[PDB]
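Following this are structure 1 and structure 2, which are two forms of one protein chain, each written alone as structure tokens.
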Structure 1
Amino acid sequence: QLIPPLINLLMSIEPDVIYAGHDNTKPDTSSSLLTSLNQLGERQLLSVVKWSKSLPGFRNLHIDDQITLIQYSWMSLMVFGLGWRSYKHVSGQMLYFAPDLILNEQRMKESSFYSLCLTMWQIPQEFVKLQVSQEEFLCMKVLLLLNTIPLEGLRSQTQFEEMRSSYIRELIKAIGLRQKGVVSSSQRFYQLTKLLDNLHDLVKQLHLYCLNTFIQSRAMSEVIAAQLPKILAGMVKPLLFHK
């Protein structure tokens, strides 16, 4: 009678803490950090796929849509979770990848990818500024999974639009928990959805950085042909809340 049932179910299906399995007793090296991010990255993906299987409405979508949605949004889901952990565990002052893989300013600058750390750091800073709540976060994260579809749409297009509409209504309830006023709660909805709309740009920055990091690992045209649709505009269809 305080928190909505669906927001509480989201919190309960929230995956457990995931470790990177990184050894912090040894001096960092460009490769050991990249090796750990990839290990942690793969674990979190299995975690996302699993989390989705308990998401009301997801499994009812055609299996091909489930795959597509995960493919299109795993990067945004992960960078969003990164922001959330950074925001709550360390006041958005550092990047909290995992309990055993935290990078503060110094460690960022001296990590092989400092410019990528600042880009991702943007999300936690916003959280701090907006003082995002847990209920708001959970609803926002579901929307990220439902923020990009194929230019031709999905097989379960109607079912998909109805699922997304519910979580949009749920986000408003979450906002209503603290933002009582009609104009205020209306204003926060704008701030939170505007933020989500902004992730479309930041996300391709990350896919691009991912690909380049890969190019440098081995020193090919086919690998670059399947990555461009994740870093380039005009191949998928982002669902923006604001024109």
Structure 2
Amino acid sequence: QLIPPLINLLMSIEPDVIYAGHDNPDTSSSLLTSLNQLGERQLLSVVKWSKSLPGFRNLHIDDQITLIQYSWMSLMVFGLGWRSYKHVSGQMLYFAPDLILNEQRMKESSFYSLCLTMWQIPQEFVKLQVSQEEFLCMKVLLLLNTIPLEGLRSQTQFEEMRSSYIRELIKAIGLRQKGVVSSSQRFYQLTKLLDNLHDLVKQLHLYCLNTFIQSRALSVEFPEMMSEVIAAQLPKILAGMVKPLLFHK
């Protein structure tokens, strides 16, 4: 087609729709447990996606697991932004077809604040008019956007993969942004959106880990696979003991 084959591949490997299983009165705590229930199902889906993503299975298995444990929440908030942009024009948060939040369902002050943070992504998607082909290549680069302070075991292959998906994003931008000046500026805008996600996700990581270490008292359930990625890396990530990659100074 005019659509490059790697992008059409990324489109075919996107996860199908995941339901939260929410029991449809609204309450902050039961809402949070439903959000983490959904997060467990989405985590399964991200690891399956990774198994089909070109290049990723060839990195050392420890690097595969480290990059999923670093990037899971960033990938899931970026997909929440896509669904919300696409289904409700960014104006509600479309966590799943059975768990769509508007402002009436955001009652407790810290819950609404966290939603506003997440709401930044679909607002930028609406402003910039991000395309599916852009979003698919961006989402790979977010998987690949933090490494350990000592680097990865397959650092060479990693660097090759990340360059390949930067070239692919350039192709995605080229589908629509025809000028030299305009497609350069578009590359800048998209890559700076990805750099800015590191600071957005830090607030969600802190709230997550604070809730997780008193989850019993809070009556907030975290499922087993999500509890493992939290316990394995979150405190180290929050402490700054990882290397976030940036496109811009």
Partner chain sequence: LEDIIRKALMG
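What we label the rigid core is the largest C-alpha set whose atoms superpose within 1.5 Å from one form to the other. For residue numbers, the reference is structure 1: its sequence is counted from 1.
Check your understanding: Given that just one of these two is the form deposited without the partner chain, which number is it?
Key -> If we ask which form is the one deposited without the partner chain, the answer is structure 2.
Check your understanding: By the 2 angstroms cut-off, has the C-alpha of residue 162 moved between structure 1 and structure 2 once the rigid core is superposed?
Key -> Result for residue 162: no, shift under 2 Å.
Review point. For residue 214, is the CA shift between structure 1 and structure 2 at least 2 Å following rigid-core superposition?
Key: Yes: residue 214 shifts by at least 2 Å between structure 1 and structure 2.
Point to revise | Threshold 2 Å Cα movement between structure 1 and structure 2 at residue 11, rigid core reference | key: It does not, since the residue 11 C-alpha is displaced less than 2 Å between structure 1 and structure 2 after the core fit.
Review point. Residue 35: how big is its Cα shift between structure 1 and structure 2, in Å, with the core superposed?
Key: Superposing on the rigid core gives a C-alpha shift of 1.4 Å for residue 35.
Point to revise | between structure 1 and structure 2, C-alpha offset at residue 225 (rigid core aligned, Å) | key: C-alpha shift for residue 225: 8.6 Å.
Check your understanding: Hey, core superposed, how many Å does residue 111 shift at the CA between structure 1 and structure 2?
Key -> Core-aligned C-alpha shift comes out at 7.8 Å.
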